[PDB]
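S.K.: my sequence and its experimental structure, below.
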Amino acid sequence: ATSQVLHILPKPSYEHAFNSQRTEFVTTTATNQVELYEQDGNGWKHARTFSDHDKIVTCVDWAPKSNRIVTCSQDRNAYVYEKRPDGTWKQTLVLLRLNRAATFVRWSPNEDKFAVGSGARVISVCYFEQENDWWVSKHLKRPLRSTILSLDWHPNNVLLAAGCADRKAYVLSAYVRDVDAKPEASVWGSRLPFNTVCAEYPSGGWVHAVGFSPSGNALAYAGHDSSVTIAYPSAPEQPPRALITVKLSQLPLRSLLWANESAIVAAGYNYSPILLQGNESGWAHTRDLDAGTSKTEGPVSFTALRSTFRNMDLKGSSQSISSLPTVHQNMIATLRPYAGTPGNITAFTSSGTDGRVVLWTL
Amino acid sequence: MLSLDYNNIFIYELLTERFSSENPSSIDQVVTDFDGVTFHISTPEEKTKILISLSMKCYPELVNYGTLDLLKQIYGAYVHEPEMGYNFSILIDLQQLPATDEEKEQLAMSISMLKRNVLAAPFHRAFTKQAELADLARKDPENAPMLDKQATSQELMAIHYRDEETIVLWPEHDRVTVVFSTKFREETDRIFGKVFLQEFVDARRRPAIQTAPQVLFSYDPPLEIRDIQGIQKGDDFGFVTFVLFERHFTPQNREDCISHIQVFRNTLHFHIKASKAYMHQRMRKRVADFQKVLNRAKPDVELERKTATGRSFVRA
């Protein structure tokens, strides 16, 4: 595995998405702006800001095939942005009907609908109507008891996992009629109307991250207790084949990604991605992707003269404050596919609270 | 300031104005002082005539120890009937005033010096009686211990000069001993007061200051004051004793020594307050060095170049 630092952003970057051409990426600065960055040979350049939100943006996502960006904020709005032929982006307010902040958003795999987690105890599944040119929201709300910290969709368009602050990971049907085709009878169920519940899986701490296997036949999720759990369902109303919890020795994971049907990368407050490997018999932490796991005169510039005196004056002494050994210097907030066929991730990216955007190849 | 003035500054400045003034204005001025004392200065009959008056709770005791003969000796013609509500009063006339600028200066000093001239009477009684015992002891050195023993119980002065204190003093043929039964009632001054009184005794035990009176301290009373009224051993008082030998009140020194021993407890009270003003300037120095231990947590970024008033600027 190798790390390449794509860009250093001036502000924390809780979320990002690269477009399907991997030529540009959107990211949420810790303000009401969203930055758009483009390639600049080997570098990256700031192309434009979106700024249609009233308060801090919380999450952002970019639909692969249909090329639309979707955004969430503490202002309780979402916007969908779509490219005009002249090269600029058409904003569009989505009426989420949320009583409290929007936390986290994902496009569904067919990109015909998107789901938004909230602090309001609910999830707003949004879809578009060509009859009205509206986006309209359906609220999943029956089992959810607290803030929703992350979402992931099943590779079939219906099922939605959600990690909730009430120490549980939910699997819900988000089937919306006259958008979806019928869901196939599958491990999670077949009687599958909107808001039917396929699992209410336990955790020791808040569930920060969730994600289905590339085959869809297992769920992995990650706790603020610094454990990763993999749940293997059996059938409706029935206990799982296995509910394997692996407890890490590190600070908590905040984001999670199946590399293939037998391996997972995870990352967060430990400042580094880790790799886990296993199957329905058992799982274990197996590698750290960062070589920083191992914790690895001439003329003097004017800026080294000025900074060695400003260090003596502002700080204790001349000596520089050290880097962390990891590539990221602060918690790594999100972890996203980048390359390889779906279900064999060959490379992934991450963006940090330090503002690093980084590409990792396995 | 490192040590207190002996006189009341206000009366010194005020009389230094009116003794220079070509055209006096009227006044009515109550003026507080240490040890619960209070002056009243006013011009009751004419702008020309200043009445200075003094109020002091222990003055009835001080009249027993011969005060009126000392005040009539000092203020002479200027002494007046006590003002109603005041213990003593003096009437100075600005047209009948002394001639020279150095007579005016020493009269303005003398009238501002009233608190230490009224509270001096038991000290002059002790110094002048020690001068008699010093001659009697020089007539018979084997009788001298018995003269000291009887003067220690018969010639003892006690003045309840404020409600949390007593000054007790007596003559013996080679000394005047004076004991301050001293208490700080304000609890943060009681806590520092233990340090200030302890380090005061420990200071006298060093080669540099052996010339000073022998100070001693305890918290129970010296054996010769254990049955005086208001002296009680249990009530968290401290008993600072000074032994003034014949060399601490020789004729050139007597007046400074009386002035300087009365102010004792007031310098400790002042320096306890002025030590909080020190500890604060030493605390905000350590706070300003803990700033550096937090500053190494701010990431390095240049704040943009600005004019002196904080407005933005465009060069370099």
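M.R.: In hand now; what should we look at? Numbers count the residues shown, from 1 in each chain, chains lettered A, B, ... in the order given.
S.K.: spell out which parts of chain A neighbour chain B.
M.R.: A:307, A:314, A:315, A:316, A:321 (C-beta under 8 Å from any C-beta of the partner chain). For the C-beta atoms, the positions are set from N, CA and C on the backbone; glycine is no exception.
S.K.: can you tell me the element the nearest residue to residue A:270 once chain neighbours are set aside falls in?
M.R.: Residue nearest to residue A:270 in three dimensions, not counting chain neighbours: residue A:250, with 4.1 Å by C-beta to C-beta, 6 or more residues apart in numbering or on different chains. Counting by DSSP states H and E, there is no helix or strand that carries residue A:250.
S.K.: what's the burial count for residue A:250?
M.R.: Residues near residue A:250, counting by other C-beta atoms under 10 Å in any protein chain shown, number 16.
S.K.: how about residue B:172?
M.R.: Residues lying near residue B:172 (other C-beta under 10 Å) number 23.
S.K.: now the helices for the stretch 201-316 of chain B?
M.R.: For the stretch 201-316 of chain B, the helices defined by DSSP state H, counting those that start in this stretch cover B:254-262, B:264-295.
S.K.: so how far is residue A:239 from residue A:187?
M.R.: Counting by C-beta to C-beta, to the nearest Å, the separation of residue A:187 from residue A:239 is 13 Å.
S.K.: more neighbours: the two, which one.
M.R.: residue A:187 (17 against 9).
S.K.: might you report the residue contacts of the residue nearest to residue A:270?
M.R.: Neighbouring residues of residue A:250 by C-beta atoms under 8 Å, 6 or more residues apart in numbering or on different chains: A:226, A:269, A:270, A:274.
S.K.: so which of the residues you listed is the most crowded?
M.R.: residue A:270 (23 neighbours).
S.K.: just to check, it is in contact with residue A:255?
M.R.: No: under the criterion of C-beta atoms under 8 Å, residue A:270 is not in contact with residue A:255, lying 11.2 Å apart.
S.K.: may I have the beta-bridge partners of residue A:277?
M.R.: residue A:263, residue A:284 (DSSP bridges).
S.K.: what about it, how many neighbours?
M.R.: Neighbour number of residue A:277 under other C-beta under 10 Å is 15.
S.K.: that one and residue A:257: what is the separation?
M.R.: 13 Å.
S.K.: mutual contacts of the two, please.
M.R.: Shared contacts of residue A:277 and residue A:257, counting by C-beta under 8 Å, 6+ apart, come down to residue A:264.
S.K.: now for the closest residue to residue A:359 other than its chain neighbours, how many residues are close by?
M.R.: The shortest distance from residue A:359 to any residue other than its chain neighbours is 4.5 Å, reached at residue A:4 (C-beta to C-beta, 6+ apart). Number of residues near residue A:4 (other C-beta under 10 Å) recorded here: 11.
S.K.: same deal with residue A:19?
M.R.: Residues near residue A:19, counting by other C-beta under 10 Å, number 16.
S.K.: same thing with residue A:233?
M.R.: When neighbours are counted by other C-beta under 10 Å, residue A:233 registers 22.
S.K.: now residue A:237
M.R.: Residues near residue A:237, counting by other C-beta under 10 Å: 7.
S.K.: and it, how far from residue A:171?
M.R.: 13 Å.
S.K.: can you tell me, leaving aside adjacent residues, what's nearest to the most centrally placed residue in chain B?
M.R.: Note on chain B: the residue nearest the mean C-alpha position is residue B:263, at 2.0 Å, using C-alpha atoms, centre = their mean. Take residue B:263 and drop its neighbours on the chain: the residue closest to it by C-beta to C-beta, 6+ apart is residue B:4, 5.3 Å away.
S.K.: swap in residue B:108?
M.R.: residue B:15 (3.8 Å).
S.K.: again with residue B:86
M.R.: Per C-beta to C-beta, 6+ apart, closest to residue B:86 is residue B:53, 3.9 Å.
S.K.: same question for residue B:43.
M.R.: Counting by C-beta to C-beta, 6+ apart, the residue nearest residue B:43 is residue B:26, at 4.6 Å.
S.K.: quick check: the one you found touching residue B:48?
M.R.: No: using C-beta under 8 Å, residue B:26 is not in contact with residue B:48; the gap is 9.9 Å.
S.K.: higher neighbour count, these two?
M.R.: Comparing residue B:26 with residue B:48 by neighbour count (other C-beta under 10 Å), the higher total belongs to residue B:48, at 15 against 11.
S.K.: look up the closest residue to that one, ignoring the ones flanking it.
M.R.: Residue B:48's closest residue in space is residue B:94 (C-beta to C-beta, 6+ apart), at 5.2 Å.
S.K.: what is the neighbour count of the one you found?
M.R.: When counting by other C-beta under 10 Å, one arrives at 16 neighbours for residue B:94.
S.K.: so residue A:200 versus residue A:169, what's the distance?
M.R.: Note on residue A:200: its distance to residue A:169, by C-beta to C-beta, is 8 Å.
S.K.: the more surrounded of the two?
M.R.: Shown here are residue A:200 and residue A:169; by other C-beta under 10 Å, residue A:169 has more neighbours (25 against 14).
S.K.: is that one in a bridge, and if so with what?
M.R.: The partner residues for residue A:169, given DSSP bridges, come to residue A:163, residue A:201.
S.K.: coming back round to it: give me the element the residue nearest to residue A:359 is part of.
M.R.: For residue A:4, the element it lies in under DSSP H and E is strand A:2-8.
S.K.: give me every residue that touches the residue nearest to residue B:108.
M.R.: Neighbours of residue B:15 in contact, by C-beta under 8 Å, 6+ apart: B:50, B:92, B:107, B:108, B:111, B:112.
S.K.: can I take it that it is in a helix?
M.R.: Yes: assignment of residue B:15 by DSSP: H, G, I helix; E, B strand; the rest coil places it within a helix.
S.K.: mind listing the strands for the stretch 1-150 of chain B?
M.R.: B:28-32, B:38-42, B:49-55, B:79-80, B:88-93 (DSSP state E, counting those that start in this stretch).
S.K.: of those strands, flag the one that's most buried.
M.R.: strand B:49-55 (a mean of 22; mean count of other C-beta atoms under 10 Å in any protein chain shown).
S.K.: what about the strands in the stretch 51-200 of chain A?
M.R.: So, for the stretch 51-200 of chain A - with DSSP E, counting those that start in this stretch - the strands run A:57-62, A:68-73, A:78-83, A:89-90, A:93-94, A:102-107, A:113-118, A:123-129, A:134-140, A:148-153, A:159-164, A:168-173, A:197-202.
S.K.: domains in chain B, by residue range?
M.R.: B:1-129, B:131-302 (CATH domains of a matching chain).
S.K.: span of the last one from start to end?
M.R.: With C-alpha to C-alpha, to the nearest Å as the measure, domain B:131-302 spans 80 Å from end to end.
S.K.: quick one: that domain to chain centroid distance?
M.R.: Taking C-alpha atoms, centre = their mean, to the nearest Å, the mean C-alpha location of domain B:131-302 is offset from the chain mean by 12 Å.
S.K.: residue B:164 contacts residue B:183, correct?
M.R.: Yes: here residue B:164 reaches residue B:183: they are 4.5 Å apart, a contact under C-beta under 8 Å.
S.K.: neighbour count for these two, which is higher?
M.R.: Neighbours per residue, other C-beta under 10 Å: of residue B:164 and residue B:183, the larger number sits with residue B:183, 19 against 13.
S.K.: ok, now which ones touch the more buried one?
M.R.: Counted by C-beta under 8 Å, 6+ apart, residue B:183 has contacts B:164, B:165, B:235, B:236, B:237, B:238.
S.K.: how near is it to residue A:70?
M.R.: 77 Å.
S.K.: could you do residue B:10 as well?
M.R.: Taking C-beta to C-beta, one finds residue B:10 at 79 Å from residue A:70.
S.K.: neighbour count for those two, which is higher?
M.R.: residue A:70 (26 against 15).
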